[PDB]
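Here the protein sequences come in this chain order: B, C and A.
Each residue of the first sequence is one higher than the last, beginning at 15 in PDB author numbering.
Each residue of the second sequence is one higher than the last, beginning at 15 in PDB author numbering.
Each residue of the third sequence is one higher than the last, beginning at 15 in PDB author numbering.
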Amino acid sequence: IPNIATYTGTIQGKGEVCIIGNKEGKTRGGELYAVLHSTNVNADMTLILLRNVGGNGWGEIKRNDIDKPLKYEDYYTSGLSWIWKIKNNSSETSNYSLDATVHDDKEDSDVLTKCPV
Amino acid sequence: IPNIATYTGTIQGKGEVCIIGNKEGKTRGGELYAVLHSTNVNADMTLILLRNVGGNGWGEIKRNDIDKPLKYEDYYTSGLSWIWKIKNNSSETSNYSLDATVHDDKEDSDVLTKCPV
Amino acid sequence: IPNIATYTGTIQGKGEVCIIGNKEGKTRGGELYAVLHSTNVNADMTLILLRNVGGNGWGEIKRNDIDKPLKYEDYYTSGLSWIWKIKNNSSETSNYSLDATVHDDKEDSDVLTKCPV
């Protein structure tokens, strides 16, 4: 039943971009997968998986550097959401592309205007 | 002081095997240790440690590749079980052996019919 | 704007020392950071981040070797405390220094008399 989509963009120096999954908090267990890439061989980015635990708010599950796939297996309740946080560690603006598990079709609005704070 | 038992078996192509620890729900804490091995040199397996944190469900707490020892510390006052999930990423039916922390003594029934879903 | 303190001490061979943060569980969101160091060039130590889970007890989030920073983002609405556990893997009694995010200022009482059990 797999469904990996690709979000592409540009991330400014020191910027952060958050892309949400299963914002509808619908029923969907099993593997989350994502990998972060850049066309820039000198990119320096970190990918962070956040989950809204069960109600306490958002918390990190794990993180990886660019080109290292991030895999995570979950059966926490009913439904629940995840966010992929991309952090540019460099001062250099660069392309990114993120391949990630999606619950439903990729929408423009999956890219959040603001990460969790 | 570690109590470490070794589970052996055969895992079919693309198959998954879960093994329960502390099924009897005793109160324990301290280091969990496991390491997955295979006699097949082109084996490609993943070991995943799962727990049920409470009013919440089963989820992954960490993972390691074959031959990479998995070490993890917790201390819960209630009697919580853990599950080792062995994933065969290869098509080749392969030997496995799992060295892992056990509470008392290994039993055939520790191999579950179904991983948490 | 981060407040990073440095704890310094000496850790006996095979010893473990735990340092608590945010001990009253005041509400916070953002990154927890710590890195373990030693003036012993040969030091062999592990740093483990533990979180108090839901009153259920303490559980490891992640771990790193000496000299490798540990970062973790939490945006939970209820405050929670954390522990940095320093394990001396060597039999050699060694200096340590831990640079870590603090919420107040560093206090003597942050050095726990005992790690969770």
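C-beta: ideal position from N, C-alpha, C; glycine also.
Item                                                                                                                                 : Value
9 Å Cβ cut-off: residues of chain B touching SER92 of chain A                                                                        : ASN70, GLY71
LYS128 of chain B classed as buried or exposed, judged by whether at least 16 other C-beta atoms fall within 10 angstroms            : exposed
Any C-beta of chain B under 8 Å from that of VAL49 of chain C                                                                        : no
CB of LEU61 of chain C within 8 Å of CB of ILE75 of chain C, strictly                                                                : no
Coarse secondary structure for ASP119 of chain C, derived from DSSP in three states                                                  : coil
Contact set between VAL67 of chain C and chain A, taken where Cβ atoms lie within less than 9 Å                                      : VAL67, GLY68, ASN70, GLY73
Assigned exposure category for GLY73 of chain A - 16 Cβ within 10 Å defines buried                                                   : buried
Cross-strand partners of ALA114 of chain B (DSSP beta bridge)                                                                        : B:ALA19, B:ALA48
Rounded Cβ spacing between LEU50 of chain C and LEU112 of chain C (contact assumed at less than 8 Å)                                 : 5 Å
Contact with chain C by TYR89 of chain B, beta-carbon distance below 8 Å                                                             : yes
Buried or exposed by the 16-neighbour rule on C-beta atoms within 10 Å, applied to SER108 of chain B                                 : buried
Where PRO16 of chain C falls, given that 16 or more other Cβ within 10 Å makes a residue buried                                      : exposed
Reference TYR86 of chain B; option with closest CA among C:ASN78, C:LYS82, C:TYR90, C:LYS85                                          : C:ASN78
Coarse secondary structure for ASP88 of chain C, derived from DSSP in three states                                                   : strand
Cut-off 6 Å between Cβ atoms - residues of its own chain near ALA19 of chain C, not counting five sequence neighbours on either side : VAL116, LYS120
Whole-angstrom distance between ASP81 of chain B and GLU30 of chain B, CA atom to CA atom                                            : 17 Å
Inter-residue spacing [alpha-carbon to alpha-carbon] between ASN56 of chain B and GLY93 of chain A                                   : 38 Å
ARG77 of chain C: first and last residue of the uninterrupted beta strand (DSSP E) it sits in                                        : 72 to 79
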